[PDB]
Ligand SMILES: *[C@@H]1O[C@H](CO)[C@@H](O)[C@H](O)[C@H]1NC(C)=O
Ligand SMILES: *[C@@H]1O[C@H](CO)[C@@H](O)[C@H](O)[C@H]1NC(C)=O
Ligand SMILES: *[C@@H]1O[C@H](CO)[C@@H](O)[C@H](O)[C@H]1NC(C)=O
Ligand SMILES: *[C@@H]1O[C@H](CO)[C@@H](O)[C@H](O)[C@H]1NC(C)=O
Ligand SMILES: [Fe+3]
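Protein chains in written order, with the entry's author numbering: chain C, 37 to 218; chain E, 1 to 11; chain A, 31 to 428, 441 to 493, 515 to 705; chain B, 27 to 388.
Set out below in structure tokens:
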């Protein structure tokens, strides 16, 4: 079988409430969607200053997504990319294949921003309306633990999901990944 | 329903 | 190429918010350089290796019966192989396509020259007055309605700096710059200094047209989220893309003839050049050039009496042999030939596929218009003067504006005029009663309850069999009837086109109504965006600026609340309200003088139809053609022998 | 299921969308109802065949058009001429499609057509036939499915079980057959029975049908696609052809008749070899030479009939053959052109046009 390549890695570190769980080593395609992958990478390094450092996971729905990210506000329509406020969707080349894929949460057509969502099951309801730009490659148990916290009526976790660290990990030779899950 | 939007959250 | 300009623009905006003047000036200069570099690279390689590989087209066979479709297969193969070679060259040139893509508001601010405003502010803060005044003059030329820039220009003129003849423009295309100065010089009766300027303007206009024709080719345009339901074949998609490309190419003629200082594109741009040029040549005395220019203009217009007399006079002063000796210029001939060919192709496409097109030239002969299209233009011209007579009868029998532009014939029998504009305390407003019946009403309710829905989607669902077909047909019929009566009532001469239409129903959930003091829908206007305390209205791409008339048709009244009310520009003082019923229709212009708001429904169902019309044929709702094709093919079709 | 089929005179009672009929058939099969499922599946197959025939008829004309009266000034701008011809062809196709009754319903999605091209409903159809005392029909459907897919295990087990049943050993018939394949089978039977005139008659009947079927099946490959990117004009429309050419390249191999469980390689080559041998047996050199030339064109690597051609050239001044009789038949030249050009274009396209972002999963 066939699959896309990878170019860069990020080592997102979550902390549930007052506890630390692990290290979700990500994986980002850098030759199929060149732009959004630059958005995420440059934004996750604290380059300009609008970093993901000390962000909030607002929506945690039990079995569809774990989406959350905003440094301006804490849960609202807060968002600020580097290309302005709205960078056009570029190519819907891949489709969500089961657990553990990363795609951009838009608000319509040509209204992207900085709000990433990790999928937990196959989610074909949305397909071709959202651009996917990365696959996780480690630490599913961390997502499993962060997905099982007591939620509220408005999907906000009762406790807080603080992202306490990030950065860059480089790979010097693009390898390949499969196309089913994990 | 099950959408992932930023601003007008729908059903 | 450099990095994408939008990133530099964002960094400069952030620095300006912080207040780092060297940072902002550096960022704006880099972005301005990068834009031009990217555009030049694209144009250069596109034209160079579009000219590298010609289209040959050697039709050296006659397909005979005993070869079958093999000849057609080979014909397709050779052409598409050439296409593949050209695509290979384009891909090996352009590199990463992503660097050439940017959102619409970025081009909006680039057109508005905001970076020049930031640059002039920074330069004033850094004491580089020359660049500051240059950028300020450029911005003022771009936007002549900004009094603050005028004040800054006056201040800079008063104290140290430069004179009135060094205010460079760094944005306007070269070809237009000499044209205006040439016209001004001709105005002060200085023909000696005129002719070189017009000649340079001609050459630069030809070069600019050549550049514009080779920069248009770009991505196809879809309508919103229509990617998923696109089911065209290869030969259909190619033709659609080429038709859109040709329309965009032809738009280069009306684009180059526009300046921000004016609010109307210059009429007959090319012919006026030759008219002024021949007048100047007659003034100086160069007779041969004068008669040549007169012949070149008469090529465009073969029946202009004035310069016909002028040419007869010039021949009278000159000799006959020289008169037939000199002919027109070849560049105009080539331009005319190519333009006529493109116009013929566009008109054939409009006749066949029903894709709207408007002629940007007034010199097109009628021989290229297909016969079917000519009859339609004859019909609209007849009714254009018919309505003009009816209005003229009114004031001769006689606040005017509320009398001469409403009170239509109300063609369809049965309709009443229960509710009129004066009673509402407002203008361009009317509420109709009885455009539909009661027995027809519940069909629409069934249609919307079974499955906002568009007419085309309802037709498709009826074709599949999910919903009854009769209700779908009635939807189209009532839409057409309401469109025609809305056009007729307001005494409109220009034919009225379709913008958007969808049938929607609102459900009041009784679990979120607690402490729901907030209004369901804020008071707003359709064409522009409304500011509450600022009391301003701006026609910007965030809103649709082509909408002119809006009409709402009601279907049920078994609910509490949801009354339709009109409010002033303050969005606080309610002017008038209407009561929902069955068969009532509200008609009002979508202008800034009709702010509307919808209250919240207590309990029940509210289902109604939303309609918008535009007076610009360019912004016509494109999905109506497929609806017409489906309607003519499903209910009253035709068949072949086998 | 194909006996009461007529492309021209089609019963209007069963004119329903394909997807609805397929869904009803699947629901009835899940409901343990057999006769209704059999009828619905037969209706679905008939609708699919009707759609294919309608496409073939619509592409019979329109594509095969001459010159729509060009002008004397249009010849200076090749692009305008080419795109005007394309526009005329597209308009003619659009006007032709609406006429046929089969296009007056809801078109099926791409995945339904892909499934039908894989002969998948035959599994349920044969299961229903077996559940309805139709052993010959069931075994015929199983053989038909195994012909296209000879690598199944469950279907192989069912075929083995059906063969074990006595009586059902002669009803091995392909439910999706073609006229040229049957004519070829009879012709090879006659040639093995040392019959010549009947053999050559069958060859000259069968060859044009095979060429026609190949050309129509090629003309039926320019379908739609799923849009997933937005590029410039040339780049955007140079990928739709990449996809349709990928579909086209298998056209020749998908129509190859299969006997004994093995596809017969070089169908046209063996065709011309048999024709040449038959003509030689009747001493009809006038017609024998072009077949040998065509075979040499299809495959230069030979020793026997190359020597035969040498012998014919040596005795060219004996039976009275001009130099014009030593050229291949035009149809063979057309086939060679249309195959070699397609392969060369595919090889060229898969070096610069196709994007390089995929890799091998280790
Ligand atoms: C008219 O102008 C042309 C070039 O502009 C020049 O060659 C010619 O001499 C001029 N005519 C006269 C009478 O000078
Ligand atoms: C719609 O109007 C057409 C007029 O051409 C008429 O023939 C048809 O019966 C009407 N159908 C309905 C449902 O009103
Ligand atoms: C193709 O359509 C045209 C329409 O005028 C018709 O005359 C022609 O006979 C059709 N082709 C065939 C093979 O019937
Ligand atoms: C078809 O035959 C060969 C292909 O190998 C070549 O000469 C050309 O493509 C075609 N011949 C003619 C005479 O067009
Ligand atoms: Fe509104």
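Ideal placement from N, C-alpha and C gives every residue a C-beta, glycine not left out.
Q: With a 10 Å radius around its C-beta and 16 neighbouring C-beta atoms as the bar for buried, classify residue 364 of chain B as buried or exposed.
A: To locate residue 364 of chain B, count along the fourth chain from 1; it is residue 338. Classification of residue 364 of chain B: buried, given that the 10 Å Cβ count is 16 or more.
Q: Report the partner residues of residue 140 of chain C according to the DSSP bridge assignment.
A: Along the first chain, one-based indexing puts residue 140 of chain C at 104. Bridge partners of residue 140 of chain C: C:152.
**Q.** Which of helix, strand or coil DSSP assigns to residue 127 of chain C
**A.** Indexing the first chain from 1 puts residue 127 of chain C at position 91. Looking at residue 127 of chain C - three-state DSSP - the assignment turns out to be strand.
Q. Any residues in the segment 115-137 of chain C with a beta carbon nearer than 7 Å to a beta carbon of chain A? Which ones, in chain order?
A. 118, 119, 120, 122, 123, 124, 126
Q. Just to confirm, does residue 313 of chain A get its C-beta within under 6 Å of one of the non-hydrogen atoms of ligand 1?
A. Residue mapping note: residue 313 of chain A aligns to position 283 of the third chain, counting from 1. Checking the Cβ of residue 313 of chain A against ligand 1 gives no.
Q | Near ligand 3: residue 114 of chain B beta-carbon under 6 Å from a heavy atom | A | Here residue 114 of chain B refers to the residue found at position 88 when the fourth chain is read from its first residue. No, since every heavy atom of ligand 3 falls outside the 6 Å radius drawn around the Cβ of residue 114 of chain B.
(Q) I want to see whether chain C comes within less than 7 Å of residue 387 of chain B, judged by CB atoms only; does it? (A) Within the fourth chain, the letter at position 361 stands for residue 387 of chain B. It does: the Cβ of residue 387 of chain B has a partner Cβ on chain C nearer than 7 Å.
(Q) By the DSSP assignment, the beta strand (DSSP E) with residue 95 of chain A in it spans what residues? (A) Residue 95 of chain A sits at position 65 when you count from the first residue of the third chain. Where residue 95 of chain A is concerned, there is no enclosing beta strand (DSSP E), given that its DSSP letter is neither H nor E.
Q.
For ligand 1, is there any heavy atom lying closer than 6 Å to the beta carbon of residue 319 of chain A?
A. Your numbering for residue 319 of chain A matches position 289 in the third chain. Within the cutoff, so yes.
(Q) Closer than 8 Å between beta carbons: that is the criterion. Which residues of the segment 156-187 of chain C meet it against chain B? (A) 164
Q. For the segment 230-262 of chain B, which residues have a CB atom closer than 8 Å to at least one CB atom of chain C, in sequence order?
A. 254, 255, 256
Q) How would you list, in chain order, the residues of chain B whose beta-carbon sits under 8 Å from the beta-carbon of residue 39 of chain C? A) Against the first chain, residue 39 of chain C aligns to sequence position 3. By Cβ distance, chain B contributes 384, 385, 387.
Q: Please list, in chain order, all residues of the same chain as residue 169 of chain A whose beta carbon is under 7 Å from its beta carbon, the five residues on each side excluded.
A: Residue numbering aside, residue 169 of chain A sits at position 139 when the third chain is read from its first letter. So the qualifying residues of the chain are 143, 146, 147, 150, 179.
Q. Hey, is residue 284 of chain B's beta-carbon within less than 7 Å of any beta-carbon in chain A?
A. For this step, residue 284 of chain B is matched to residue 258 along the fourth chain. Judged by the 7 Å Cβ criterion, residue 284 of chain B is not in contact with chain A.
**Q.** Cβ-Cβ distance between residue 64 of chain C and residue 170 of chain C below 7 Å
**A.** Here the question's residue 64 of chain C lines up with position 28 in the first chain. Here the question's residue 170 of chain C lines up with position 134 in the first chain. Cβ atoms of residue 64 of chain C and residue 170 of chain C: closer than 7 Å.
**Q.** Beta-carbon proximity of residue 116 of chain A to residue 154 of chain A, cut-off 7 Å
**A.** The sequence position of residue 116 of chain A within the third chain is 86, counting from 1. The sequence position of residue 154 of chain A within the third chain is 124, counting from 1. Not closer than 7 Å, so no.
Q. Around the C-beta of residue 677 of chain A, are 16 or more other C-beta atoms found within 10 angstroms, so that it is buried, or is it exposed?
A. Position 614 of the third chain, counted from the start, is the residue given in the question as residue 677 of chain A. Buried: at least 16 other Cβ atoms inside 10 Å.
Q | DSSP-derived helix/strand/coil call for residue 373 of chain B | A | Numbered from 1 along the fourth chain, position 347 holds the residue referred to as residue 373 of chain B. Here residue 373 of chain B sits in helix by DSSP.
Q. Name the residues in the segment 269-294 of chain A whose C-beta lies less than 7 Å from a C-beta of chain B; which are they?
A. 269, 271, 272, 275
Q: Hey, could you find the ends of the alpha helix (DSSP H) residue 519 of chain A is sitting in?
A: The sequence position of residue 519 of chain A within the third chain is 456, counting from 1. That run of the alpha helix (DSSP H) goes 518-527.
Q: Could you pull out every unbroken beta strand (DSSP E) segment of at least 3 residues lying fully inside the segment 40-90 of chain B, listed in chain order?
A: none
Q.
Taking the straight line between their C-alpha atoms, what separation do you get for residue 301 of chain B and residue 323 of chain B?
A. Residue 301 of chain B sits at position 275 when you count from the first residue of the fourth chain. Residue 323 of chain B sits at position 297 when you count from the first residue of the fourth chain. The straight-line gap from Cα to Cα measures roughly 15 Å.
Q | Environment of ligand 2 in chain order, Cβ to heavy atom below 5 Å | A | A:536, A:537, A:540
**Q.** Residues passing the C-beta test against ligand 5 heavy atoms, cut-off 6 Å
**A.** A:589, A:659
Q) So, helix, strand or coil for residue 249 of chain A, using DSSP? A) To locate residue 249 of chain A, count along the third chain from 1; it is residue 219. Residue 249 of chain A falls in the coil class under three-state DSSP.
Q: Whole angstroms is fine: what's the gap from residue 97 of chain C's alpha carbon to residue 111 of chain B's?
A: Position 61 of the first chain, counting from 1, holds the residue named residue 97 of chain C. Position 85 of the fourth chain, counting from 1, holds the residue named residue 111 of chain B. C-alpha separation (whole angstroms): 56 Å.
Q.
Below 6 Å, is the gap between the Cβ of residue 366 of chain B and the nearest heavy atom of ligand 4?
A. Here residue 366 of chain B refers to the residue found at position 340 when the fourth chain is read from its first residue. Yes; taking the cut-off as 6 Å, the Cβ of residue 366 of chain B has a heavy atom of ligand 4 nearer than that.
Q | For residue 133 of chain A and residue 468 of chain A, the rounded distance between their alpha carbons | A | Residue mapping note: residue 468 of chain A aligns to position 426 of the third chain, counting from 1. Residue mapping note: residue 133 of chain A aligns to position 103 of the third chain, counting from 1. Answer to the nearest angstrom: the Cα atoms are 39 Å apart.
(Q) Quick check: what's the CA-CA separation for residue 122 of chain C versus residue 39 of chain A? (A) Within the first chain, the letter at position 86 stands for residue 122 of chain C. Within the third chain, the letter at position 9 stands for residue 39 of chain A. The straight-line gap from Cα to Cα measures roughly 13 Å.
Q) Do three or more CB pairs link the segment 629-646 of chain A to the segment 686-697 of chain A at distances below 8 Å? A) no
**Q.** Residue environment, residue 138 of chain A, which counts as buried when at least 16 other CB atoms sit within 10 Å
**A.** Start at 1 with the first residue of the third chain, and residue 138 of chain A comes out as number 108. By the neighbour-count rule (16 or more Cβ atoms within 10 Å), residue 138 of chain A is not buried but exposed.
(Q) Considering only their Cβ atoms, is the gap separating residue 170 of chain B from residue 200 of chain B smaller than 7 Å? (A) Mapped onto the fourth chain, residue 200 of chain B falls at position 174. Mapped onto the fourth chain, residue 170 of chain B falls at position 144. Going by C-beta atoms, residue 200 of chain B is nearer than 7 Å to residue 170 of chain B.
Q) Exposed or buried, what is residue 558 of chain A when buried is set at 16 or more other beta-carbons lying within 10 Å of its beta-carbon? A) In the third chain, the residue the question calls residue 558 of chain A occupies position 495. So residue 558 of chain A ends up on the exposed side.
Q. How would you list, in chain order, the residues of chain C whose beta-carbon sits under 8 Å from the beta-carbon of residue 136 of chain A?
A. The sequence position of residue 136 of chain A within the third chain is 106, counting from 1. Residues of chain C passing the Cβ test: 120.
Q) Would DSSP call residue 612 of chain A helix, strand or coil? A) Your numbering for residue 612 of chain A matches position 549 in the third chain. Residue state, collapsed to three classes: strand.
Q) Which one of B:369, B:249, B:338 has the shortest CA to CA distance from residue 348 of chain B? A) In the fourth chain, residue 348 of chain B corresponds to position 322, counting from 1. Minimum Cα distance to residue 348 of chain B is reached at B:338.
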